[PDB]
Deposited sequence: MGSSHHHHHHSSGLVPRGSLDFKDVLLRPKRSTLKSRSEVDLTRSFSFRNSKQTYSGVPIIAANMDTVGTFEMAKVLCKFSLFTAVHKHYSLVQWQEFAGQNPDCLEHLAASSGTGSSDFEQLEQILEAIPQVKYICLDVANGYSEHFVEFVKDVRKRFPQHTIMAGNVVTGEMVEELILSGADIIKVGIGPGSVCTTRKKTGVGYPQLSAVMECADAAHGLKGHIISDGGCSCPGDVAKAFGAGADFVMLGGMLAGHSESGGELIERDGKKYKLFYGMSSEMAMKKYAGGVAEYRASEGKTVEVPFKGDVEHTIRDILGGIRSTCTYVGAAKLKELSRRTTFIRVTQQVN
């Protein structure tokens, strides 16, 4: 039963030249969509304060991915797509299982053919209703790569991949502004979740996202080390200029709101399993991305992985 804080990665003998030699790009072929991916497999979360068009514009420059939140209008999308044609390939449109959610998703995907990824997102990915929903989206968009979640165990990973999802989002309760564990007692240690879900998905030639619980670049590296194909970040990317969330200047300091998508704040804006925080303002996100990628490059260097693809193979966890 391992969380990120329970482990370190062992350094290992390497034959690398320097650490500039390290390639964080991955190449993936998705099981069901048959589509191909090339990029740095870190994803801005589809939270309304994180998965913003402003976030996507910066992250595109580092070949990072954005799961866009589900509170932009079609006109907002078409304006963005018009102005930022070269930002559309590492971008996903998001939906819950609502008929209204699905409608809106369908209009974006019709209006903006360059968007080739769908993020289907529920708190409880273990319901039959979500499984059937994944199957239907798969029937409606056979060439769109589907991310689906969330779950924390292998049986549910297999079933979602066999139902038509390409990439399974892994994490229940680990998120920085999540209160699922306190309100319900349900969840799963994230690193253990990733290890189990990674094996289960890879057995079927599918993929996973480690979604939530990362608070430093070291955690991101551990999740990749444990076999995650992608890592999704909320709190690390909140509080930047490009982030959503109200700017609040009080008592001589600057803060940004950050809140869970099932917080009372979110539910009012548009039973609670999320909370609100005020994050000290962080400035521009590009400095944060550079820190994250630098940290992972060094991890690779320490374990002798010349490419991120080699990281999980070269990873031996030490229990602390």
According to the entry, C-alpha coordinates are missing for deposited residues 1-18, 289-296, 347-351
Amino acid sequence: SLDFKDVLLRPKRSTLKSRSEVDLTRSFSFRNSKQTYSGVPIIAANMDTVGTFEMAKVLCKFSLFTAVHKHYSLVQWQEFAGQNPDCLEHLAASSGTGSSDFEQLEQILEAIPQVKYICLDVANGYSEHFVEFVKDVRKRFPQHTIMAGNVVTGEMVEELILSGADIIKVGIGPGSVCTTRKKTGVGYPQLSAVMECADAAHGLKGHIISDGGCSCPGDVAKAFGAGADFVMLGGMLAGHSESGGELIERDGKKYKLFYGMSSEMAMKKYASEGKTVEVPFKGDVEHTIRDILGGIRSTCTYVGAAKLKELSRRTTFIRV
From here on, numbers count along this sequence of modelled residues.
Taking the recorded C-alpha temperature factors, which stretch has the higher mean, 107-115 or 181-189? 107-115
Compare the mean C-alpha B-factor of 291-299 with that of 28-36 as given in the PDB entry, and name the stretch with the higher value. 28-36
Entry record, C-alpha B-factors for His129, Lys222, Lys169, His240; the maximum is at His129
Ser94, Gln76, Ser210, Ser176, ranked by C-alpha B-factor: the highest one: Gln76
Based on the entry's values, in what third of the chain does the Cα temperature factor of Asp251 lie: lowest, middle or highest? highest
Would you mind ranking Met55 by its C-alpha B-factor against the rest of the chain and naming the third, lowest, middle or highest? middle
Split into thirds by Cα B-factor across the chain's modelled residues, where does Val152 land: lowest, middle or highest? lowest
Please place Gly245 in the lowest, middle or highest third of its chain according to the CA B-factor in the PDB entry. middle
Quick check for you: using the entry's CA B-factors within this chain, is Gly234 in the lowest, middle or highest third? lowest
